[PDB]
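Working notes for the structure below.
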Amino acid sequence: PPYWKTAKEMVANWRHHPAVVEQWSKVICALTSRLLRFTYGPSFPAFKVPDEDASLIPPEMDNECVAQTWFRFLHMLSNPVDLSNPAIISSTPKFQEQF
Amino acid sequence: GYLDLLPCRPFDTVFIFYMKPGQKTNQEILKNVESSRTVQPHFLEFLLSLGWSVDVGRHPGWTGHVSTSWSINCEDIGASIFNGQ
Amino acid sequence: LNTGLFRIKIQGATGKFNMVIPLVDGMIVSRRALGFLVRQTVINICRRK
Amino acid sequence: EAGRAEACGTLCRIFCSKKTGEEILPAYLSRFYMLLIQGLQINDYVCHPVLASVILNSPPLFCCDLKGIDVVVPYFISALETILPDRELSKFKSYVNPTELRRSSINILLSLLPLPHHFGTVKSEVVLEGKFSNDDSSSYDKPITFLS
Amino acid sequence: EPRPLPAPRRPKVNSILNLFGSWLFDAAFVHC
Amino acid sequence: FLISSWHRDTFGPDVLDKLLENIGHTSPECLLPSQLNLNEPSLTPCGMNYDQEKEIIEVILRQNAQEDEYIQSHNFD
């Protein structure tokens, strides 16, 4: 968990780069597709996902371990509402040093 | 007789079914109708607002089934009386 | 519904001339004009068929 | 505006998918009703993308027998008066397809016609928390009946 | 583009609101 | 036909939750910093104050009660 906390603290300072949110969206879509693939069953409609994004995650992960990493990656980025506020984004320690 | 049995105006037929939650088999759907006092009264009110009631034997016109139609020669059961017999 | 009004959904009533007017898909009708509208829709559908 | 529009795209769509006879926590309903009231404004606080998204995403909104949904009825009536009479919808043509928007508006309107004759003289509560009401009849502190 | 009917096995609306609606509500109202 | 003693007038009288609770019980660290709880509803949105929500909820309840009373009473009309 300390590494998770450090990553979450560090990743919050890179939200001004457009690639970060796109990669986070792709990875969370892949994780949630993998989760719902077994959470309900084959009866539930399957979430469409690109082949490469599904290939980012390896198939060795057991069913139990998927939920924890899915939740942790869903909350990995800060509240997306924060992106709406321009002052909050322009308040990182590097930005303050830049200020 | 062939000429007599030919009607002069178009005729149609309408079937009515009742559904309860958690029903997927045809037998249960047919079964829920024949019971009385087990359905909403609004269903009966809607039924009686479609048309009058005529006995199949004495009906001189279309009755929904060929074998008992155009016969010119004249305790609760629910909405199963209108089953066509 | 719980408010007394009725909700209507019709399946397989689309042909060359689109759909039938007297009772369109996703319509709301009060109890007063329910039987009359249902009968009119049946008549129109049979005539179209 | 794009993010705000997508926000109730998602929200507006979530509530319309409720199962029949399913209880919803009243706090969520209150928040959703407040969002709907805020979105449907025409006087000065009008935003075309969010209004179009709210109209388009929730056709069966009134048909899902939401508890207390009838409060926001006058706001929807006021909103529709500025879209249906329009000929080509120049303002909304750069955000959504005009034909689909017109279809959604027709679906919304057609789900409200029985309400007057069904209710008639029954009063409708008004929530006056500021300059939210669009009417200028100086009757804000008066429950409007469906006859008008 | 038509939208498919919701699956009969979908979770309750309150659970979806608990899981996601907070972000959705905040995002809607912040630009409101 | 008016059938006697037959008509309306005559007649008279979650797996997602399990997953969320399992994650919450097996991982207290990933919980929100007191802002949100998994099972419990989240806090009020930033755009609306608590008093406005308290007014809206009672307005909605009164609307529903009034409509139900009107529908039940005016049935015989």
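For the structure tokens, the naming scheme is as follows: chains receive sequential letters (A, B, ...) according to their order of presentation, residues are indexed from 1 within each chain, and ligands are indexed from 1 in presentation order.
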
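If you count only C-alpha atoms and ignore residues fewer than 6 places along the chain from residue 9 in chain D, what sits within 9 Å of it is residues 50, 53, 54, 56, 57 and 58 of chain D.
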
Can you pull out the residues contacting range 53-57 of chain A? Cut-off 12 Å, using only C-alpha atoms, and skip same-chain residues under 5 positions away; I want them as a ChimeraX atom specification. /A:22-35,37,47-48,62,66,69-70

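The space separating CA of residue 19 in chain F from CA of residue 10 in chain E comes to 14.1 Å.
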
Residue set, chain E restricted to alpha helix (DSSP H), as a PyMOL selection string: chain E and resi 13-16+22-31

Go ahead and save the residues from that selection, with C-alpha atoms, as a PDB file, in the first residue's frame.
ATOM      1  CA  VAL E  13     -29.614   2.034  -9.553  1.00  0.00           C
ATOM      2  CA  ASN E  14     -28.656   2.992  -5.986  1.00  0.00           C
ATOM      3  CA  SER E  15     -25.490   0.874  -6.126  1.00  0.00           C
ATOM      4  CA  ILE E  16     -24.434   2.512  -9.401  1.00  0.00           C
ATOM      5  CA  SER E  22     -20.672  11.216  -6.734  1.00  0.00           C
ATOM      6  CA  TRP E  23     -18.116  11.966  -9.444  1.00  0.00           C
ATOM      7  CA  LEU E  24     -20.914  12.461 -11.980  1.00  0.00           C
ATOM      8  CA  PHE E  25     -22.905  14.780  -9.711  1.00  0.00           C
ATOM      9  CA  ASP E  26     -19.834  16.832  -8.819  1.00  0.00           C
ATOM     10  CA  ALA E  27     -18.772  17.100 -12.467  1.00  0.00           C
ATOM     11  CA  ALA E  28     -22.252  18.208 -13.529  1.00  0.00           C
ATOM     12  CA  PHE E  29     -22.690  20.785 -10.773  1.00  0.00           C
ATOM     13  CA  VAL E  30     -19.173  22.254 -10.957  1.00  0.00           C
ATOM     14  CA  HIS E  31     -19.875  23.435 -14.499  1.00  0.00           C
TER      15      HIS E  31
END

For the interface of chain F with chain B (cut-off 12 Å, counting only C-alpha atoms), please tabulate each contacting residue of chain F alongside its nearest pair of atoms and their separation in Å to one decimal, rows sorted by chain and increasing number, as JSON lines.
{"residue": "F:1", "atom": "CA", "partner": "B:53", "partner_atom": "CA", "distance": 6.1}
{"residue": "F:2", "atom": "CA", "partner": "B:48", "partner_atom": "CA", "distance": 8.7}
{"residue": "F:3", "atom": "CA", "partner": "B:48", "partner_atom": "CA", "distance": 10.3}
{"residue": "F:4", "atom": "CA", "partner": "B:76", "partner_atom": "CA", "distance": 10.2}
{"residue": "F:5", "atom": "CA", "partner": "B:76", "partner_atom": "CA", "distance": 8.5}
{"residue": "F:6", "atom": "CA", "partner": "B:76", "partner_atom": "CA", "distance": 7.2}
{"residue": "F:7", "atom": "CA", "partner": "B:44", "partner_atom": "CA", "distance": 7.1}
{"residue": "F:8", "atom": "CA", "partner": "B:41", "partner_atom": "CA", "distance": 5.0}
{"residue": "F:9", "atom": "CA", "partner": "B:41", "partner_atom": "CA", "distance": 8.5}
{"residue": "F:10", "atom": "CA", "partner": "B:41", "partner_atom": "CA", "distance": 10.1}
{"residue": "F:11", "atom": "CA", "partner": "B:37", "partner_atom": "CA", "distance": 8.1}
{"residue": "F:12", "atom": "CA", "partner": "B:37", "partner_atom": "CA", "distance": 9.4}
{"residue": "F:13", "atom": "CA", "partner": "B:37", "partner_atom": "CA", "distance": 9.9}
{"residue": "F:75", "atom": "CA", "partner": "B:42", "partner_atom": "CA", "distance": 11.5}

Chain A residues near chain E within 10 Å, closest pair each, using only C-alpha atoms, as a tab-separated table:
residue	atom	partner	partner_atom	distance
A:40	CA	E:9	CA	7.8
A:41	CA	E:9	CA	9.8
A:43	CA	E:9	CA	8.4
A:44	CA	E:9	CA	6.7
A:45	CA	E:7	CA	7.4
A:79	CA	E:23	CA	7.0
A:80	CA	E:23	CA	7.3
A:81	CA	E:27	CA	5.1
A:82	CA	E:27	CA	8.7
A:83	CA	E:27	CA	9.4
A:84	CA	E:30	CA	7.5
A:85	CA	E:30	CA	8.5

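The residue set within 9 Å of residue 110 in chain D, counting only C-alpha atoms and dropping same-chain residues fewer than 6 places from it, reads residues 26, 27 and 28 of chain C.
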
Resulting file, chosen residues, C-alpha atoms, as a short mmCIF file (atom, residue, chain, number, x, y, z; two decimals), in the first residue's frame:
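Result written to again_37.cif:
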data_model
loop_
_atom_site.label_atom_id
_atom_site.label_comp_id
_atom_site.auth_asym_id
_atom_site.auth_seq_id
_atom_site.Cartn_x
_atom_site.Cartn_y
_atom_site.Cartn_z
CA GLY C 26 -43.90 4.63 -26.34
CA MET C 27 -47.26 6.37 -26.01
CA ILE C 28 -49.22 7.31 -22.89
#

Taking only residues of chain D that have an atom at most 9 Å from an atom of chain F, what is each one's shortest atom pair and its distance in Å to one decimal, using only C-alpha atoms, in chain and number order, as CSV?
residue,atom,partner,partner_atom,distance
D:25,CA,F:41,CA,8.8
D:26,CA,F:57,CA,6.4
D:27,CA,F:57,CA,6.9
D:28,CA,F:41,CA,8.8
D:29,CA,F:57,CA,8.0
D:30,CA,F:57,CA,5.8
D:31,CA,F:53,CA,7.2
D:33,CA,F:56,CA,8.4
D:34,CA,F:56,CA,8.1
D:67,CA,F:64,CA,6.3
D:68,CA,F:60,CA,4.8
D:69,CA,F:60,CA,7.9
D:70,CA,F:63,CA,8.0
D:71,CA,F:63,CA,7.4
D:119,CA,F:70,CA,8.4
D:122,CA,F:70,CA,7.7
D:123,CA,F:66,CA,8.8
D:124,CA,F:63,CA,7.3
D:125,CA,F:63,CA,6.7
D:126,CA,F:59,CA,8.5
D:127,CA,F:56,CA,7.6
D:129,CA,F:52,CA,7.9

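Residues of chain D having any atom within 12 Å of chain A, counting only C-alpha atoms, are residues 1, 2, 3, 4 and 7 of chain D.
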
Okay, now the selection with C-alpha atoms, as an mmCIF file, in the first residue's frame?
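Saved result, result.cif, follows:
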data_model
loop_
_atom_site.group_PDB
_atom_site.id
_atom_site.type_symbol
_atom_site.label_atom_id
_atom_site.label_comp_id
_atom_site.auth_asym_id
_atom_site.auth_seq_id
_atom_site.Cartn_x
_atom_site.Cartn_y
_atom_site.Cartn_z
ATOM 1 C CA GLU D 1 -19.476 22.532 -21.840
ATOM 2 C CA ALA D 2 -18.618 19.126 -23.330
ATOM 3 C CA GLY D 3 -17.831 17.617 -19.937
ATOM 4 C CA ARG D 4 -20.940 19.129 -18.372
ATOM 5 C CA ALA D 7 -22.142 14.476 -17.088
#

As a count of residues only, which residues of chain C does DSSP assign to strand (DSSP E or B)? 8

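CA of residue 82 in chain B lies 29.4 Å from CA of residue 3 in chain B.
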
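Neighbouring residues of residue 32 in chain C at 10 Å or closer, counting only C-alpha atoms and skipping chain neighbours under 3 positions away, are residues 46 and 49 of chain B; 5, 29, 35, 36 and 37 of chain C; 118 of chain D.
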
Export, as a PDB file, in the first residue's frame, the selected residues with N, CA, C and O atoms.
ATOM      1  N   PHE B  46     -61.084  -2.854 -18.822  1.00  0.00           N
ATOM      2  CA  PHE B  46     -60.611  -2.698 -20.193  1.00  0.00           C
ATOM      3  C   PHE B  46     -61.226  -3.744 -21.114  1.00  0.00           C
ATOM      4  O   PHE B  46     -61.541  -3.448 -22.272  1.00  0.00           O
ATOM      5  N   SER B  49     -64.819  -2.930 -22.206  1.00  0.00           N
ATOM      6  CA  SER B  49     -64.923  -1.726 -23.016  1.00  0.00           C
ATOM      7  C   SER B  49     -64.551  -1.963 -24.473  1.00  0.00           C
ATOM      8  O   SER B  49     -64.466  -1.002 -25.243  1.00  0.00           O
TER       9      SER B  49
ATOM     10  N   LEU C   5     -52.045   6.236 -15.508  1.00  0.00           N
ATOM     11  CA  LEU C   5     -51.875   6.235 -16.951  1.00  0.00           C
ATOM     12  C   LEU C   5     -51.262   4.916 -17.414  1.00  0.00           C
ATOM     13  O   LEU C   5     -50.737   4.131 -16.620  1.00  0.00           O
ATOM     14  N   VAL C  29     -51.593   6.867 -22.671  1.00  0.00           N
ATOM     15  CA  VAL C  29     -53.019   7.074 -22.884  1.00  0.00           C
ATOM     16  C   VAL C  29     -53.751   6.873 -21.566  1.00  0.00           C
ATOM     17  O   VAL C  29     -53.437   5.952 -20.803  1.00  0.00           O
ATOM     18  N   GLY C  35     -59.683   1.652 -24.650  1.00  0.00           N
ATOM     19  CA  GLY C  35     -60.310   0.654 -25.502  1.00  0.00           C
ATOM     20  C   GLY C  35     -60.549   1.152 -26.913  1.00  0.00           C
ATOM     21  O   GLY C  35     -60.330   0.423 -27.884  1.00  0.00           O
ATOM     22  N   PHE C  36     -60.999   2.401 -27.046  1.00  0.00           N
ATOM     23  CA  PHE C  36     -61.250   2.960 -28.370  1.00  0.00           C
ATOM     24  C   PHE C  36     -59.969   3.028 -29.189  1.00  0.00           C
ATOM     25  O   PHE C  36     -59.950   2.655 -30.369  1.00  0.00           O
ATOM     26  N   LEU C  37     -58.880   3.495 -28.576  1.00  0.00           N
ATOM     27  CA  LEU C  37     -57.618   3.595 -29.300  1.00  0.00           C
ATOM     28  C   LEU C  37     -57.064   2.219 -29.645  1.00  0.00           C
ATOM     29  O   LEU C  37     -56.507   2.026 -30.731  1.00  0.00           O
TER      30      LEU C  37
ATOM     31  N   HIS D 118     -55.922  14.161 -17.040  1.00  0.00           N
ATOM     32  CA  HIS D 118     -55.886  13.144 -15.995  1.00  0.00           C
ATOM     33  C   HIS D 118     -55.917  13.773 -14.608  1.00  0.00           C
ATOM     34  O   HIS D 118     -56.572  13.250 -13.699  1.00  0.00           O
TER      35      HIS D 118
END

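For range 59-64 of chain B, the set of protein, DNA and RNA residues having any atom at most 9 Å away, when counting only C-alpha atoms and skipping those fewer than 4 positions along the same chain, is residues 7, 11, 12, 13, 14, 54, 55, 68, 69, 70, 71, 72, 73, 74 and 84 of chain B.
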
At what distance in Å, to one decimal, does CA of residue 11 in chain C lie from CA of residue 55 in chain D? 24.8 Å

Using only C-alpha atoms, which chain C residues lie at most 12 Å away from chain D, written as a ChimeraX atom specification? /C:1-9,23-34

Residues near residue 51 in chain D, anyone? I mean within 10 Å using only C-alpha atoms, not counting same-chain ones fewer than 2 positions away, as a PyMOL selection string. chain D and resi 5+8+36+38-42+46-49+53-56+79+92

At a cut-off of 9 Å, using only C-alpha atoms, what residues contact range 23-33 of chain F? Leave out same-chain residues fewer than 6 positions from it and give the result as an MDAnalysis selection string. (chainID A and resid 1 67:68 71:72 75) or (chainID F and resid 39)

For C-alpha atoms, I'd like the residues from the last selection saved as a compact mmCIF listing (two decimals), in the first residue's frame.
# COMPACT_ATOMS: atom_id res chain seq x y z
CA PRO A 1 0.00 0.00 0.00
CA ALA A 67 -11.11 -6.66 -7.88
CA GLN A 68 -8.47 -5.07 -5.65
CA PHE A 71 -10.60 -0.54 -7.47
CA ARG A 72 -7.11 0.79 -6.77
CA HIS A 75 -9.10 5.55 -7.65
CA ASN F 39 -22.06 1.21 1.06
